[PDB]
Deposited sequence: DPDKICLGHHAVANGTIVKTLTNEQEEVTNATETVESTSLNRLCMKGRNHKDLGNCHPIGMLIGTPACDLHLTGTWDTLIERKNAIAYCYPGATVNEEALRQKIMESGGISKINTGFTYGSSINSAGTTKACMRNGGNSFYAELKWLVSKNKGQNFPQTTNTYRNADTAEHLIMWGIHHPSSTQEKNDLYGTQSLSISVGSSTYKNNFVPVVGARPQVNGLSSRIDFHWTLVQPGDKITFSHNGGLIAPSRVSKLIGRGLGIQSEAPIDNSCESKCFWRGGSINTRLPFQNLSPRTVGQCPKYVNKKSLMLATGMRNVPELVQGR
């Protein structure tokens, strides 16, 4: 009999379930995801001055292993280390290895500076090995010199070499200490004498005494220190020292990515992990708790759906 006007709201056939403070199964017209589950299998290096090290291990850059020849110097904002990267062409390790790697991967480039170190004619500087191949012929670490007596068996002359840091910023000096297995090898190369190697600056001081991998029990182990601006560092040795021909300077800061995934200069990103890039605009992710850069926060959630619409009541 009477005219009538009704107020109402829309609905949809297919609604989505979300969670509220009171209801675990609340159907609404529209929701959206807040946790990212998908990852790009590539490293998005667009608009980044990057350096993919490939088979070069960051420490190899400072001592100059063959593999790292293309990476002895440069400038970057991003540094990408790879799996099973090579630091040591001749068997050995660096003391405080991990601390050094982390320091290089925070760097935004590397300058090299000549020590200027010269040696008496009774010394052989360019001592090489079949382990470190370069131009398909026996070679050695580019930034170090293998110091051995020129006459096989002759006792090694007492030498003193000293680097001073002329620069206004700290310099990273590395050096090696050869320890052969057999007394026949040591006498042949350095002489019968007791060997002692003393290194000293204002900051640092240390003494070293030379004591089967690739068929060799003989090692070259590496040590490192920072040498302050204006300060000097002196090396006293009677043989067995692998001497720095160059010191390293780490410049500015850079993002260090450890990833097996391939480069792509077409795509951009500020967040990376082992398995690649994360360009999601979402505020959370559940891919990995180990990420680097500006990133969504890791959460222990497959999905968290955010209602973008009213309750859905069909019929």
Map the modelled residues onto the deposited sequence and report the uncovered stretches in sequence order. 212-216, 321-325
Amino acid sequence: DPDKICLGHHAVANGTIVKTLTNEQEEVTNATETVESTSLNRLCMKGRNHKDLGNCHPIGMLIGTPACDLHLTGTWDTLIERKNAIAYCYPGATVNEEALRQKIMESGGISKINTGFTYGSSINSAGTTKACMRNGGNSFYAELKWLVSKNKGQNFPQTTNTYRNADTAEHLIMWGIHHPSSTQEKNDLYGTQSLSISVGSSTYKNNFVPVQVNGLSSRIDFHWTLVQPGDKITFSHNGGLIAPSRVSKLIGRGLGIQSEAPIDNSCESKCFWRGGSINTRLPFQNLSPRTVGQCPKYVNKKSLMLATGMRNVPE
From here on, numbers count along this sequence of modelled residues.
Looking at the other compared entries that model both neighbours, is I220 missing coordinates in at least a third of them? no
Look up the CA B-factors in the entry and say which stretch, 69-77 or 177-185, has the higher mean. 177-185
Averaging C-alpha B-factors over each stretch, which comes out higher, 212-220 or 107-115? 212-220
Can you tell me which of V95, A126, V227, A169 has the highest Cα temperature factor in the record? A126
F235 - Cα temperature factor, lowest/middle/highest third of chain: middle
Where the record places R164 (Cα B-factor, split into thirds across the chain): middle
Of the three thirds of the chain ranked by Cα temperature factor, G8 occupies the lowest
Which third, lowest, middle or highest, does the C-alpha temperature factor of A142 belong to within its own chain? lowest
Select lowest, middle or highest to describe the third in which the CA B-factor of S39 falls within its chain in this entry. highest
